[PDB]
Every structure is written in structure tokens, then in C-alpha cells.
Amino acid sequence: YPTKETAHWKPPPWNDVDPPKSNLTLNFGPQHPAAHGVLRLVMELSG
Amino acid sequence: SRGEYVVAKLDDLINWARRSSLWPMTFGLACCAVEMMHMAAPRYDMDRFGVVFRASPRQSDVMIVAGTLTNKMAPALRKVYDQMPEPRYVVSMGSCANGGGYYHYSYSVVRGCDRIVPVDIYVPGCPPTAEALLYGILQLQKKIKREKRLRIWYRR
Amino acid sequence: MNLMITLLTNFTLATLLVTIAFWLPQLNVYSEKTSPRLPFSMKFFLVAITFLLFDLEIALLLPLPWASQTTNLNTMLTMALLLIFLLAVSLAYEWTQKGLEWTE
Amino acid sequence: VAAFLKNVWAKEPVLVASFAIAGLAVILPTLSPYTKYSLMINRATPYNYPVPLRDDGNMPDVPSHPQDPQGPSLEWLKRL
Amino acid sequence: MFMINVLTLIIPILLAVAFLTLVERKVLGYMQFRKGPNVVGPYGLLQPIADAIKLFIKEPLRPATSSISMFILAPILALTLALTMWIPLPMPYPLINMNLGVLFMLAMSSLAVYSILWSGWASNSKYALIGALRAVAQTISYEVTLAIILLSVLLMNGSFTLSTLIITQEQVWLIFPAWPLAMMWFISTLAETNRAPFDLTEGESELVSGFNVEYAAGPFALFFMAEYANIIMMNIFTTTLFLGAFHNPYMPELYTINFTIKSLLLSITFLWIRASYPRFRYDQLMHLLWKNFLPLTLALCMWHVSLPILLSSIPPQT
Amino acid sequence: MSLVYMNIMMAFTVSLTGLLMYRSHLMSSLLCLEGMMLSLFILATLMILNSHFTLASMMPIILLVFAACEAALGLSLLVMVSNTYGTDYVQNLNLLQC
Amino acid sequence: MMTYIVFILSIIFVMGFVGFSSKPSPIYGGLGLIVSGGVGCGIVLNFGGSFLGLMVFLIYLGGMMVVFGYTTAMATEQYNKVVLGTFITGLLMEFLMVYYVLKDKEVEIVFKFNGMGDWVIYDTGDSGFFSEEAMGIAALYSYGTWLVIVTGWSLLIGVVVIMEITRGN
Amino acid sequence: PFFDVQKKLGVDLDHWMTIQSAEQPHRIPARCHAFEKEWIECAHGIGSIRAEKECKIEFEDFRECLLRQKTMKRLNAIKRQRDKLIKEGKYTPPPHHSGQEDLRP
Amino acid sequence: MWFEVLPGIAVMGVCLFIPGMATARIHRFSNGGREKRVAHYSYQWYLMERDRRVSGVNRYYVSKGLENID
Ligand SMILES: CCCCCCCCCCCCCCCCCC(=O)OC[C@H](COP(=O)([O-])OCC[N+](C)(C)C)OC(=O)CCCCCCCCCCCCCCCCC
Ligand SMILES: CCCCCCCCCCCCCCCCCC(=O)OC[C@H](COP(=O)(O)OCCN)OC(=O)CCCCCCCCCCCCCCCCC
Ligand SMILES: CCCCCCCCCCCCCCCCCC(=O)OC[C@H](COP(=O)(O)OCCN)OC(=O)CCCCCCCCCCCCCCCCC
Ligand SMILES: CCCCCCCCCCCCCCCCCC(=O)OC[C@H](COP(=O)(O)OCCN)OC(=O)CCCCCCCCCCCCCCCCC
Ligand SMILES: CCCCCCCCCCCCCCCCCC(=O)OC[C@H](COP(=O)(O)OCCN)OC(=O)CCCCCCCCCCCCCCCCC
Ligand SMILES: CCCCCCCCCCC1=C(C)C(=O)C(OC)=C(OC)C1=O
Ligand code: SF4
């Protein structure tokens, strides 16, 4: 029995599975800039 | 009088603590990095002056620009300078950091790091030797020794 | 009471040194500096929960130097080796189903 | 049983030492002659008070004094 | 009079921490074929004073924080725990002679990771928080073998009392019945304090220690000196725990000189390990814990449970 | 009875009403749940130490171990909710209304 | 004041529960529950539960709240009215309870409660050469066989359960 | 569904932690050992309905042993009357309730 | 050479020597020239409080021997 309040209720999916509704990008530099010091790296990290 | 003597001795104490505990932040841009690495090597050994080797870039006292500053790394140099806590100092090591050097007339090279950061000590050479860079560091300590911070504060 | 005096002294010395290190570098008046979700990892949470579960198993193991003093030593030795064996079986199941991977 | 053991002692000696130490810990008190003495020392440690008995008249194995001969002795604990 | 005893504990702790920096720089100097500081003081003895006055007037760094109150409380908690880990240490008499000093130290060292976690929450970097999480996971990982090795050693003690642990080792050093526990203990205490080869925050293998990065951090000197109080403390605790010395009840200074010399040699052994090995990758010390130390630690835990029963060598409770 | 028992009961009811009135987060719900457990631990320990009832001294250890394992299960549920939605907000967990 | 030390710690315990139960944030909620665990642990330590208090510090605050803060660092993002209002509401209710039980020495919210310090209800005996609480905890192994069986089985099942539900497959 | 498996198999799984008067480690007595033993040996075998009315006195003594509410109420009355007599000036404390008498043993 | 580190190690060793020697001498000063009474168990505290009561001067460390009995 639909009401004014329970009007926005769509019926649930058939297999009860909903659609799930990224990875890290790092700019890198050498830690102590004595050996390399002039290196720049753009990462794409995945954990 | 009395207060002038007190601020004089306090300037002497804080200048002793700052020049005898310098922590350098190195820009290993070019060949002068190799000669700073010889200034930290066991012969010349910056660490026995309290000048530590490979300090944190966050907490550091003197930025040593050791190499060629190109146009692509001038804003990185200035941002690392602006993140340093005061009192920060700049040692310009070698001819390319001093005035462009062997690449002075280049399209891509900043003609001296003094166009970017305020420079305290200019260390000349190509490369200036590890002994000459240590001479520049000791001259920086002499420049820190004759600071009159609290004396000028008391006289302002 | 000696312990509470000692803890109060240690907390007071800690707060005093923190108050120094936050107010002493403000005496030298510097310039006014004007110029200007994290990725979730399942492995970090799994090593944290693995710590928590094995720490509960440690919490079961902690009365052993007192439990050695008992008169029911066969029962006590059996349950002691059984708890350490259950900690080992927990570690073995954490091993062999690839739970300890990339933080091994 | 011989080639697998040498292979796992070459590959994973940490786990071989672990299962060896654990297996000796399991099976060795069942083969030890001194496991009985642990029980005997733990029950002979007097945490409480040895509450005396009312001598009704016939208890020949209960002494009347600590230094009396009858009673559970600890000569084995001194001597071992 | 008791407050005099508390001050004569906690002020020489800070002085020993100050000169551990000098001893570290000098011993790492001579092990690297160079010298450490010898200009600032006679033989470098005024290097820690100069460096502390330098760090205490250096500007608060560049940025501001996410949580102000935790940014204040993380050095307070770090210094408070680093000073309260010393009070049950028997040397030859502890300050607070408590019946459960071992368990007290293990609990207060379990509390030590909140300084790491609150300094991670306090900085505005979402990457320094990841580094703080990695350091917290490292420390709570090696706390497992700390607890189980400590329990396995105290199975030969009889109690959690630290003062009894001097009585235990009157005939032999306890490193002789328990040297595998001693070597795993020494490496695990080395991995507790984020000390090399396990220092991943102060080194590479790190997503945030990276040259023109963000993250307002606190005054570095306070976390540094809490860390070195932890180092000297865990070496004294290892000395009491395994290499416990002779104690004359009428001459306490014999035991005091003896545990002092052993604790100095063991802290120099920390300095001598950090100047000898490259750093682990993060998964490599996670592997070193969970697949190398913890199986051997559980095996030796079963062994030191069942061993006093099969030898009839159960230590007394009192 | 004992005056401290009033405060530990009132602490359990404070953490109850914190757990019985959600604001936004599931983590705050689990914090209120473990505060309830903490008050249960303290109250059980004060009774058992007060009574000198010896064998129940191991009971608060069993309470702590079982409920911290319960808390680890709750944190794993929170982690799966946060992996689904991005937050741990309770208003994202309303698919089962229909 | 010093005779009422367990009561003062219990009032600080209730104030801490009001502090985090009003829920400003999970971060400050965890902080308030840490401070609450410390002061309730002090309550336990002042009756003679030294092992159980160090179990609070080592296990509760040492493992579980560390894992709660570890997970909170992986859930919320770093950078009111109802929180502060409920905080001062609980503080007013608790200090009215304190004022009533200190002016009347008998109060009845749900049960009757004494107004004197809880030092009166202790025992006037000694235990000998052991802590009774320590021996009762040591009896987990000799007497508590079935208890150790079910607790270790629940922890092993907990390991299996966390590896099953966090796998996502 | 109280399936009494413990009494059927004859095994003891949890009857030992159940009461204070059970076999304790190192024979440690509880503070209400005698009262609980009297209440249990009263109420045994007669069931709950007869135990609520025929063992009321042992149960009241054991509850007042555990909680000490009548004892604390009596001490409240004595302390309140004593403080009222101190306030009215009609009472001075003795030297053995002041700390000036060098206790017995 | 290598002995140049020994002044700093000596200063650190004196700083580690101070707390234990200090607490030993304070425990001898505060307890009548003897060790502090270790009371880990309630029997030891019972005897210690008995000593405090039998000394008469409210101090546990004032020992009464056979001169106190008749
Ligand atoms: C307390 C005083 C000091 C104590 C000693 C410590 C001082 C010396 C320190 C040296 C420097 C160490 C720096 C850090 C090094 C970290 C790396 C490392 O060592 O990793 C550990 C390594 C790790 O292994 P790994 O990485 O070398 O090997 C590779 C492993 N796999 C294949 C899995 C990848 O070894 C261990 O974990 C060993 C731990 C201790 C072993 C104890 C052995 C006991 C044996 C008893 C007999 C067993 C035989 C069988 C049974 C017989 C019964 C009768
Ligand atoms: C009214 C009067 C009082 C007013 C208040 C002031 C109180 C006292 C303040 C400290 C002393 C003030 C004077 C400071 C030094 C002045 C002289 C000086 O600078 O001497 C330089 C000399 C080294 O010469 P240099 O040129 O560096 O050598 C080149 C290499 N051969 O340097 C040396 O030889 C060594 C210099 C050491 C400086 C003093 C020692 C350090 C300070 C100790 C107290 C403060 C620290 C307390 C503890 C901090 C934490 C551990
Ligand atoms: C009986 C007493 C009680 C025994 C239980 C108590 C054990 C205490 C120690 C706790 C150990 C906890 C973890 C145990 C996990 C074992 C399974 C395992 O690790 O299998 C995987 C491993 C190969 O590892 P992999 O998959 O390649 O992973 C990368 C690592 N390099 O595979 C292997 O490495 C193979 C391991 C199995 C073969 C080992 C044989 C050892 C024999 C020793 C001598 C006999 C000792 C008597 C007892 C034997 C018990 C088996
Ligand atoms: C963010 C908040 C602030 C953070 C920084 C400050 C807090 C963290 C660092 C300090 C931690 C304080 C820990 C206090 C309790 C330590 C455990 C303890 O008391 O153990 C010692 C001892 C037990 O051993 P035992 O010998 O059996 O007892 C005496 C019997 N003869 O027991 C005794 O000797 C009992 C002595 C009396 C009871 C002492 C109780 C202290 C007061 C309550 C806790 C106060 C701290 C609250 C915060 C804790 C951390 C969250
Ligand atoms: C458990 C033990 C803990 C010990 C901790 C401390 C360890 C180190 C102890 C000190 C070691 C020796 C210090 C020598 C410092 C250098 C002294 C000196 O020569 O300073 C010269 C400087 C300028 O003097 P000027 O008159 O210009 O000289 C030219 C003359 N033709 O004049 C000056 O700078 C002014 C005088 C400064 C004197 C500073 C002395 C050292 C202060 C260190 C602080 C802590 C001292 C220990 C405190 C506790 C013990 C008392
Ligand atoms: C209260 C006393 C404070 C003393 C502070 C001494 C600081 C140590 C200086 C050298 C140093 C060492 C050894 C050091 O290990 C380190 O970490 C990598 C530094 O930071 C970059 C250092 O600067
Ligand atoms: S000044 Fe010359 S030698 Fe030095 S870094 Fe520049 S190019 Fe190299």
C-alpha cells in the first residue's frame, strides 16, 4: 500500500546486488638532496 | 650599563648556539654536490663543526645551493627556501649558483641563485674544493658570530 | 601516593618542556610569513586486527608465571601449551589463506 | 621423510627450528624423570597455615610436634 | 625527600639523553672513519648544549595543524611515557618498587604509539598520516614479540617483579638459558623505537619523507629526546632482563656501576647496528616479524612453559 | 550501597544513551559500545575485589577478551561499510528500508 | 579529599564518558575514551586490582583503542551545538547528583547509595604471601579448563571470521 | 531448554566459579563465606518458592554482608550525631580517637 | 683516536650512575641506615605496620629488640 511518505520506495534488485557506486598519484623527490637532488618523479601508486 | 651588557651576552650565547649547530640543507643540483659530499667525507668532515650531514629539509639552518640553477627548478628552489624556518641562510656554491658560470649565456639557466633567494656567502670555484666550501661555511659562522640581534632590539 | 606524586612530576615536567618549546621560539619576533580522503588499504587494517586478536591471545597468556605455581600441573601445562598452540594455529591460518601478504 | 626434511631445512630453517622446539616442548615432559618433582615441590610449598587437628585418641600418623618423626618429610627436597 | 629522589631520577635522564646525541655522533663518526663533534666543546662536550639552545629558539616550522590539542598532547604524552618507563627499573633499587613493574613497563610502552598516531592526526598531510599509520603498525607488530618474549623470560623469574629479576640471575646471566629470546628481544626493541635498520619514518621506504613536503610537525627536540629516553630505557631494561649483575646489599654502587657499564655497551651496540646495515623495506620487517620471529617466539614460549616443569626448576612466587 | 557503584552505573547509562542516540558516525557508536564495556569491566572488578571472591578475578579478563574480539568484528564491519560508501555515516546504511 | 580519591576518580570517569558520549568527532571520542579508560583504571588500581588495571592499560588502551584510532585514521578526514549542550547537560546532572549525595549522605536514583567514602566497606584482613586477585587469575589454567577452551576457540574463530568478511569475495 | 549435560556426563564445566563458598585456590575465604554457606544450606532442596519465605533471614544476613547498607546507615547515624555534638560543643573526642595513644600490638 | 668518545660516554655514564646511587642513599637515609622495607604482599605490610606500632615513635624502621621486653 503506497502512501504519500513511502512514495519514493523503488523495489529492491533481483539478485540483491547493487552497483558499487581509484589509486594514489604521488609527486616524488629524493629524501636528502645531496646525491641526486634534482630528480622529480610522478607516481601512480596502488597502495 | 647593565641591560646592554645582558643583551650583549645573550647575543653571544645565541650566536654561539646558532653558528656551532648549523644544520645544512643541500641542493644537489650539479657537480658541486660531489664536492659537498667530499666536504662531508672523512677528510674534511663537516660533522665535527656541528654541521650535520643530510639534515631534514624541514628543520635546517643554511641552504647550500650546490650546482646549476636552471629555469625549470627556480620555483622549486624558492619554495624550499620559503619553507625554511628563520634564521635561514644561503651559501651559493660554485660559479653557476653564483652568477650562471659556464652556462651564464644559456636560455634555460638562472644567472645566479641570487636572482631567486637572498644569498649570504658566495663560494667561488668550478667546483670550489671541499676545503674551500668548508672555508665558506666557517666564514658563514663568522658572519653569524657578529650578529647584533638583541643589541639592535635593545637599541630600537 | 608516591606513584601519583611521581606521575604528577613527570606530567608537569613534560607540560613545562612543551610550554617552553611552544613559547620560547615566539620571543624572537620573526617576520609574518605570507607567501604561499586518504586511500584505504585493506592490509593496514588487517595487520591492525591481527595485532588486536593476537594481543587478546597474549592477554590469555599473561598469568602463566603465576600459573606455574599450581598443584594441578598436568591440567595447567595442557592448557598453557593449548593456548600457545591456538596462537600458532591462528598464525598458520593467517599465513596460508594469504592474509599476511605485502605486509608479510 | 629424509629428503623432505633436508629440503625444508634448506628452504625454511626458521620453521624447522620452530616445529622442533615446539615438538620437544610437547613430548618431553611425558619422558622426563623430573616432572614428578615439580608436582611434589608445588604441593609442599606452605602458603596457608597447617591448621591442627583435635586428637581424638587414635591418629598415629599425625605428629604432636613439628620435630616428631611421623609426618610428611622433605628429605628429598634437601637432597635431590 | 621523595621529590628529591624523583628529580635525581628525571633530570639525569634528560642529561643522559642530551649526551647520547654526542655519543651517537662521535661513535658513528669513528665507525665511519671520520670524527664526530670536537670543535664546539672540549672534545665536543658542548655540542648538545649548543644544539638544544639552537632547536629551542628555531622558528615553529612553517604550517598550522588539523587538531591543535592533539598537536600539544603528543609531545606531552611522549615525554610523560618516556619519563615514567624508568620508575620501576631496579638499579639496584627502583624508585617505585611495584609488584608488577614488568607488566607496567609493557603497558606504558603499549601506550607509546598514541604520540605517533596523534602527531599523524595533527599534521594536515594525508600522506604523513599514512606514514604515521605505517609506524604505528610497525610498533604494535613488534609489541607482540616483546610481550611473548618477556613472558617466556619471566617464566624463569616467578613473578612480574623487576627487583626479583636481580635475585634470579645471581648464579648465571639469564642470557645463557635464553639467548634466542635475548637476540629476538634485542632486535624487537630495536624495531620498537623506530631505530635503524627499522627506521622508516626517518628514512626512505616512505611516501612522505620527500623534500618539499607539507605536514606541520611539532618541536623536533621533544620527540627526539623522548625517543632517546626510550632507547636508553629499553637498553637498561634489557640489561636488567638478561645481563643482570651482581648485587651486594651493603654496597649498592657495585651493581650501579655494573649495570651502567652494561647499559652503555648495549646502547653503543644500538649505535653500532645503525652504522652497519641498510634499511629494511616495510614488508621485509613485517615478514621478519610475522613469519620469522613470531613462530620462533611461540616455539620458545611453549619451551619455557614446559621446561621448568620437566626440569623441576619452577621459580618461586615471592 | 557503595557510592562509586552509582558513578559506574551512571557512566554505563551515559555511554548507553550515547550508543542509543547516534549522531553521524558508526565509529562513535562503537566508541560508545566500548565505553559501555569499560564501565562493565570497572564495575565487575570493583565487586569482585570488594567481595574477595577469588575465582571471579579471571572473569573481567574474559569480558575484556570477548568484547575486544567483538570490537574487532565491529571495526571490520565498519571497514566494509567505509569501503562501500566512502564514509562510515549511518545515513548511508538505509538501503533496507525497501 | 584524599579519603574520597576513588570517588573523585569516578566523577572524572563520568565526566569523561559525558565528554565522548556527546560525540564531537570519532577522533576526540577516542581521546575521551582513552582518558576515561585511564581514570577508570585508576579506580580499579585503588582497590587492589593491579593486574586488572594493567590489563586495562596493556590490552584495552594498548591494543583496542590503538586499533580504534588506527581505523579512525583510515575512515574520517582531518581538517558544535548538540555536543556542547549535551556535555553541559550531563555535567549539570552529575554535579547535581554530587551535591545531593554530599549534602544528604543518601540518594536514590535507582538504588540507595551511601554518601561517605567507599573506604568503609573494605576488609580488615591480610592475604599472606600472595595477591588473592593474582591467584584467582592464575587459576584460569588449573580450574578454568572449559573457560580457556571456549575463549581460545572464540579467538581462533574470530581470526577466521575477520579473514572471511574482509576478503570481499 | 536447560539441558543439564554437566550432571548427565558427570563433568564439571562451570560449577566452580558459581558461588563464593566453592573450592578456592589456596583455600582463600570470601568475605561472605559463612553467610552464603548458611543461605545455600538453608535453601538447598526445598525449591525457590519455599526458599524465598523459609530462608529469608539467612538471605537478609547475606545481602547485608555483601552490600553493608545497614552498617553504612548505622555509621552515617553515628557520624552525624557525633558531628552534631561537636557542633553543639557537648562532646570532646577521646585520646584514642585522636591519634595520641600508641596502638595495641 | 677512538678514545676521544670516552669523555662523552663518561658523562653519559655518570648521568646514568646518579639515579640509582641517589635512590640507594636516599633509601638508606630515610629508613635508619638500612634498606627500604619491601612490602609487595599483605603479610609484609602487616609486619611493617606492626613495627610502626611497636616502635612508639610512629616509624617502622625503629627496631625494638630484646631491650623492649622485660
Ligand atoms: C640481549 C643481548 C644481545 C643479544 C644478541 C643481539 C646482538 C647481535 C645483533 C646483530 C645485528 C642484527 C641487526 C638486525 C638484523 C635483522 C635481520 C635478522 O637477523 O633477521 C633474522 C633472521 C630472519 O631470517 P632470514 O631473513 O635470515 O632468512 C630468510 C627467511 N625466509 C626464508 C623465510 C625468507 O633469522 C631469524 O629470524 C632467527 C631469529 C633467532 C633464531 C634463534 C635460533 C635458536 C635455535 C635453537 C636450536 C634450533 C635447532 C633445531 C632444534 C634443536 C633442538 C635440540
Ligand atoms: C649579567 C650577566 C649574566 C647575564 C645572563 C647570561 C648568562 C650566561 C649565558 C651563557 C654565556 C654567555 C656567553 C656566551 C659565549 C661568549 C663567548 C664566545 O662566543 O666564545 C666563543 C668560543 C668559541 O670560539 P669560536 O670563535 O666559536 O671558535 C672557533 C673555533 N676554534 O666559545 C667557547 O669556547 C664555548 C662557549 C660556551 C658558551 C657557554 C656555555 C653554554 C651555555 C650554558 C648555559 C645555558 C644552557 C643550559 C642547558 C641547555 C640544555 C642542555
Ligand atoms: C607437534 C608440536 C606442536 C606443533 C605446533 C606448534 C608450532 C609452533 C611454531 C608456530 C608456527 C606458526 C606458523 C606455522 C605455519 C606453517 C605453514 C607454513 O608456513 O607453510 C608455508 C611454508 C612455505 O612458505 P611459502 O608459502 O613459500 O611463503 C613464503 C615464505 N618463504 O611451508 C613450509 O615452510 C613447510 C613447513 C612444514 C614442514 C615443517 C617440518 C618441520 C619438522 C621439524 C622436526 C620434527 C618436529 C616434531 C613436530 C612436527 C610437527 C609438524
Ligand atoms: C591525554 C591524557 C594525558 C596523557 C598524559 C598522561 C597520562 C599517560 C602517562 C601516565 C600514565 C599513568 C598510569 C597510572 C597507573 C599506572 C599503573 C599502576 O598504578 O601500577 C603500579 C602499581 C601496581 O603494582 P603493585 O605493586 O601490585 O601495587 C602496589 C601493591 N603493593 O599500582 C600502584 O602503585 C597504585 C598506586 C595508586 C593508584 C595510582 C592511580 C593513578 C591515577 C589514575 C590514573 C591517572 C592517569 C589518567 C590517564 C592515563 C592514560 C590515559
Ligand atoms: C653529570 C655532569 C653533567 C655535565 C654537563 C656539562 C658537560 C660539560 C662541562 C663543561 C666543559 C668545559 C667547558 C668549557 C667551555 C669553554 C670555556 C671558554 O674558554 O670560554 C671562552 C669564552 C670567551 O672568553 P674570553 O674571555 O673571550 O677568552 C679570551 C681570553 N684570552 O668564555 C665564555 O664563553 C664564557 C664562559 C662560559 C663557560 C661555560 C662552561 C660550560 C657550561 C655548560 C653547562 C652545564 C655545566 C654543568 C652544570 C652541572 C655541574 C656544575
Ligand atoms: C634536549 C637535547 C636535544 C639535542 C638534540 C640533538 C639533535 C641531533 C643532531 C644530529 C642529528 C642526528 C644524530 C639524527 O639522527 C637526526 O635524524 C636523522 C637528525 O635530524 C636530521 C639530526 O640532526
Ligand atoms: S659551478 Fe661548475 S663545477 Fe660547480 S656545479 Fe656548476 S657546472 Fe659543476
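Using the three backbone atoms N, Cα and C, a Cβ is placed for every residue, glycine included.
The annotation transmembrane segment is assigned in Swiss-Prot to E:2-22 (among others). Packing against the transmembrane segment (E:2-22) from elsewhere in the chain are residues 36-37, 44-45, 47-49, 51-52, 83, 86-87, 95, 225, 228-229, 231-232, 267: each is 6 or more residues past its ends and has a CB under 8 Å from a CB in it.
Feature annotation from Swiss-Prot assigns transmembrane segment to E:68-88 (among others); the stated evidence is sequence analysis.
According to Swiss-Prot, the feature transmembrane segment maps to E:100-120 (among others). Residues 67, 70-71, 73-75, 77-78, 81-82, 84-85, 88-90, 94, 128-129, 131-133, 135-136, 139-140, 143, 146-147, 150, 154, 160-163, 165, 192, 217-218, 223, 226, 230, 237 of the same chain lie 6+ residues outside the transmembrane segment (E:100-120) yet bring a C-beta within less than 8 angstroms of a C-beta in it.
The transmembrane segment annotation in Swiss-Prot covers E:147-167 (among others) and rests on sequence analysis. Panel annotation: around the transmembrane segment (E:147-167), residues 88-90, 92-94, 97, 99-103, 105-106, 174, 177-178, 181, 184-185, 188, 240-242, 244-245, 247, 255, 294, 297-298, 300-301, 303-305, 307-308, 313-318 of the same chain, lying at least six beyond its termini, place a Cβ under 8 Å from a Cβ of the stretch.
Here Swiss-Prot flags E:172-192 (among others) as transmembrane segment.
Taking Cβ pairs closer than 8 Å, the transmembrane segment (E:217-237) reaches residues 13-14, 16-18, 20-21, 52, 55-56, 60-61, 71, 74-75, 78-79, 81-83, 85-86, 89, 91, 105, 109, 112, 115, 119, 122-123, 128, 189, 192-195, 259, 263, 266-267, 270 in its own chain, all 6 or more past its ends. Residues or ranges marked as transmembrane segment in Swiss-Prot: E:217-237 (among others).
Beyond the transmembrane segment (E:253-273), the same-chain residues lying 6 or more positions past its ends with a Cβ under 8 Å from any Cβ of the stretch are 20, 23-24, 27-28, 31, 91-92, 166, 190, 195-197, 231-232, 235-236, 238-240, 243-247. The transmembrane segment annotation in Swiss-Prot covers E:253-273 (among others).
Taken from Swiss-Prot, the feature transmembrane segment applies to E:294-314 (among others), supported by sequence analysis. Residues 144-145, 148-149, 151-153, 155-156, 158, 178, 180-181, 184 of the same chain, all 6+ positions outside the transmembrane segment (E:294-314), place their C-beta atoms under 8 angstroms from a C-beta of that stretch.
When Cβ-Cβ distances below 8 Å are used as the criterion, the transmembrane segment (E:68-88) is approached by residues 9-10, 13, 94-98, 101-102, 104-105, 108-109, 111-112, 114-116, 118-119, 121-122, 162, 216, 218-219, 222-223, 225-227, 229-230, 233, 236-237 of the same chain, each at least six residues removed from its ends.
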